[PDB]
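Novice: Please find the sequence and an experimentally derived structure below.
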Amino acid sequence: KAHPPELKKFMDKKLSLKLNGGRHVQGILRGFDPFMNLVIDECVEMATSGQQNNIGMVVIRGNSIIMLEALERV
Amino acid sequence: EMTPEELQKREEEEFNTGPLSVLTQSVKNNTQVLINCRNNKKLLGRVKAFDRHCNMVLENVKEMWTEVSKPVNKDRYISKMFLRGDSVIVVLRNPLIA
Amino acid sequence: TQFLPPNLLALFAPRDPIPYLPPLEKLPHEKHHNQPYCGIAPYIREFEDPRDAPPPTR
Amino acid sequence: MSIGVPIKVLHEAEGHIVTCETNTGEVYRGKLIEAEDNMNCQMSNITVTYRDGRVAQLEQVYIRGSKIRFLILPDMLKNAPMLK
Amino acid sequence: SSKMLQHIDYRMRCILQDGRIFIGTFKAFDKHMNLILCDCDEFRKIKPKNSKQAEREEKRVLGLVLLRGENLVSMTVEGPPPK
Amino acid sequence: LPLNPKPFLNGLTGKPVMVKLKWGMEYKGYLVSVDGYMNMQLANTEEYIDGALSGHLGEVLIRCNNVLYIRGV
Amino acid sequence: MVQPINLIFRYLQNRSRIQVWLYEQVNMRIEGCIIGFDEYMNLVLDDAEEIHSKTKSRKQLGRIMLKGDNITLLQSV
Amino acid sequence: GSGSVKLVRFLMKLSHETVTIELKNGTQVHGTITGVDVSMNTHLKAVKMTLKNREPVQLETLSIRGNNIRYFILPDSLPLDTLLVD
Amino acid sequence: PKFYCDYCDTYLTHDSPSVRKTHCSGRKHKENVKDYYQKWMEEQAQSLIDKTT
RNA sequence: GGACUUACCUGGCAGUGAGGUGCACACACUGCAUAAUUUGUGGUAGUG
RNA sequence: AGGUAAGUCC
Ligand SMILES: [K+]
Ligand SMILES: [Mg+2]
Ligand SMILES: [Mg+2]
Ligand SMILES: [Mg+2]
Ligand SMILES: [Mg+2]
Ligand SMILES: [Mg+2]
Ligand SMILES: [Mg+2]
Ligand SMILES: [Mg+2]
Ligand SMILES: [Mg+2]
Ligand SMILES: [Zn+2]
């Protein structure tokens, strides 16, 4: 009943992701599932301070992803 | 489901033993219940019926809440309602204080 | 309807982009909760005396 | 059964210009490359319009359906077969 | 479903969760109450920050709109189908 | 030992537990039962508002959606 | 491709210490070791902590189950 | 007794009953139910809608997407035991 | 699970993303579409009824 | 246009219509799975 | 069962 999202196009691409709590994050998309949970790699926090921080190989819950933007050509 | 057979009265077993026993008992014994509701209002009343979502039909409810300066108490009486289950936070059976 | 003669495809033209208007509500994570959700401890005194309760119908 | 008229209409606008307001109150205007049955949308050549009024240009975006308020589709689509 | 079909092709005023109003010609719906509105116009009430000044109604034209069901609150009929 | 959520709770059933709600209140008491949606029935329950004890309640149903985390004693 | 479920399983095995960003709560995070989990993404966290961003001090919890609805993002150390 | 299987099945019986609904956004609706639906979507006629801190407004018809409902306030006389045998 | 193509007046007894895309990038389909909106331009012919007055 | 052949993509479960019985597949309606991330059981709380 | 694609006949 529940189909997977079409994010083959964005695989292994650097993305910038708008997230739930006014949080933004950026990194390389290594994988996904039908809830749109994402695996990001070499991911950077992009805190409001303007300061960026490196956490890598994160899991993002699909639920809390609003929009993603490709930084590199798809 | 884990129970794809068409008589999941596993529904009822849960009702009798599981956590919604709070309701099943309240209904049976006609005990008063206090519900903290997501409008942030307090409903104290009796439970005539309920369902999986904690949809409840209530009787003799007193809705109680706080407004403002210093905080003022407020209450209203509602004699029959249907409450939508999603809007339940917590239900509390009457602890028989005496 | 993507791949048509440009004669017909000119029908599926956007309307002009919409005027900006600011948002109506603040963002949910940045809204100020003046009386946040609160507990039921103060209210127990409201409950009936159990002697004064009605009897179990079944 | 399961598929419904308004989502069809969304898919009919694939390939054209759509505006899309997200839950956050941002607005994305651009070419709708593709849409899924959930309203998740990939778009190209987007003029985003942030809450404040400032705009930006974005190459490629993808938007979760669950986070969309509404879309503006091309008026021609009202003459689609389904809407009759 | 005839409760909804009853109003089809009528002009309907929809209240959204943020308090916008969409008025529009009601072309289609589904199990979610996603809507298709034609010639849809959006209205909104803007509060005066000073305690008493006249409130602004702000129209803004959208055209053909697909409203996600989740953001719908209510619909009432605004007017009869256009000719 | 990979210790998953259903077994974890089943563990704590019987034992005193503290449940923290998304809304910032917490309820302490003897976890009695749980279902597949993780609704919780508590007994001898008491209400802790902002970390420190608010009052003693009783037998309480907590609708699952409201819970943030649950923890032993 | 790395399935998000697998990399959670990777985190479990590694006994890595995971930090969770929360849904719609931006002041608190929670960190701990993932002993177990499920289909809903509920986590069992062995030595959980409450981290408050304004405070920059932590509240110790012990072993917790954190319901999945809350999770926004999973991080390491 | 105990819980019904589904309790919307009750609300669906309330045709021609006049009720007051409170919405999750503070709006109050008073009206006469023409139909209730499995998803608790609710149709009313002869409606007086009173948005939060606004003056009432009368309407010939109103439909409410059910998720928005916090509760129904029912007629004091409504025969519950009858209607609950389900 | 079923899908109805308004353009083709045909059914996909079991719908999927894959199947619907295959159908929609189909020879028969694309022609039916072209036809549908050409037929609509013929509508503009009905404008002449106004043209005559 | 129509018929067949091959390959590829797809396919939830149940009750009834449906009348010799059983199986398979389709259609119609009705349920269930379905209160667990993308709409139908709440971080849009009503908080002025 | 249906769609598509390639082929065979009408
Ligand atoms: K259902
Ligand atoms: Mg919702
Ligand atoms: Mg027969
Ligand atoms: Mg669901
Ligand atoms: Mg839900
Ligand atoms: Mg499920
Ligand atoms: Mg949800
Ligand atoms: Mg849901
Ligand atoms: Mg929901
Ligand atoms: Zn077709």
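Specialist: Sure, I can see it. Numbering: from 1, shown residues only, chains lettered A, B, ... in the order given. Ligands and ions are numbered 1, 2, ... in the order given.
Novice: Name the residue of chain H that lies nearest to RNA strand J.
Specialist: The nearest approach of chain H to RNA strand J comes at residue H:26, 2.5 Å away (CB to the nearest atom of the strand). (Each C-beta comes from the backbone N, C-alpha and C, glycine too.)
Novice: SS state for that residue?
Specialist: At residue H:26 the chain is in coil, as set by DSSP: H, G, I helix; E, B strand; the rest coil.
Novice: residues touching the residue lying closest to it once chain neighbours are set aside, list them.
Specialist: Distances taken as CB to CB, 6 or more residues apart in numbering or on different chains put residue H:52 closest to residue H:26, at 3.5 Å, once the chain neighbours are dropped. Neighbour list for residue H:52: H:25, H:26, H:27 [criterion: CB atoms under 8 Å, 6 or more residues apart in numbering or on different chains].
Novice: Thought residue F:41 was touching residue F:33, still the case?
Specialist: Yes - at 4.5 Å, residue F:33 counts as touching residue F:41 under the criterion of CB atoms under 8 Å.
Novice: burial of the nearest residue to residue D:13 once chain neighbours are set aside, as a residue count?
Specialist: Spatial nearest neighbour of residue D:13, excluding adjacent residues (CB to CB, 6+ apart): residue D:73 at 4.4 Å. Per other CB atoms under 10 Å in any protein chain shown, the neighbour tally for residue D:73 reads 28.
Novice: same thing with residue A:35?
Specialist: 15.
Novice: any idea where the strands of chain I begin and end?
Specialist: Listed in chain order, the strands of chain I (DSSP state E) span I:3-5, I:10-12.
Novice: So what's the residue count around residue I:45?
Specialist: Count around residue I:45 with other CB under 10 Å applied: 9.
Novice: quick one: the residue nearest to residue A:20 when sequence neighbours are not counted from chain F, how far?
Specialist: What sits nearest to residue A:20 in space, not counting adjacent residues and going by CB to CB, 6+ apart, is residue A:64, at 3.8 Å. From residue A:64 across to chain F, the span is 14 Å (CB to the nearest CB, to the nearest Å).
Novice: RNA strand J versus residue A:64, what's the distance?
Specialist: 7 Å (CB to the nearest atom of the strand, to the nearest Å).
Novice: Not counting its own residues, what contacts stretch H:26-46?
Specialist: With CB under 8 Å, 6+ apart, stretch H:26-46 has contacts from B:84, E:3, E:33, E:73-74, H:8, H:11-12, H:14-23, H:47-52, H:60-67, H:69.
Novice: For that stretch, buried residues please.
Specialist: For stretch H:26-46, the neighbour count (16 or more other CB atoms under 10 Å in any protein chain shown) marks H:27, H:29-31, H:33-37, H:40-44 as buried.
Novice: Distance to residue I:45 and secondary structure added to those, as a markdown table?
Specialist: Shown next, in a markdown table, are the buried residues of stretch H:26-46 (distance: CB to CB, whole Å; DSSP: H, G, I helix; E, B strand; the rest coil):
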| residue | distance to residue I:45 | secondary structure |
| --- | --- | --- |
| H:27 | 49 | coil |
| H:29 | 49 | strand |
| H:30 | 53 | strand |
| H:31 | 48 | strand |
| H:33 | 49 | strand |
| H:34 | 44 | strand |
| H:35 | 44 | strand |
| H:36 | 48 | strand |
| H:37 | 44 | coil |
| H:40 | 49 | coil |
| H:41 | 43 | coil |
| H:42 | 46 | strand |
| H:43 | 42 | strand |
| H:44 | 46 | strand |
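Novice: closest to residue F:58 among those?
Specialist: Set against residue F:58, the nearest of the buried residues of stretch H:26-46 by CB to CB is residue H:40 (30.3 Å).
Novice: tell me the centre residue of chain A?
Specialist: By CA atoms, centre = their mean, chain A has its centre lying nearest to residue A:17, at 4.8 Å.
Novice: buried residues in the host helix or strand of that one?
Specialist: Applying DSSP states H and E as the criterion places residue A:17 in strand A:14-19. For strand A:14-19, a neighbour-count test (16+ other CB under 10 Å) marks A:14, A:15, A:16, A:17, A:18, A:19 as buried.
Novice: now what about that strand, what contacts it?
Specialist: Against strand A:14-19 from outside (CB under 8 Å, 6+ apart): A:24-29, A:38, A:40, A:60, A:64-72, D:24, G:72-73.
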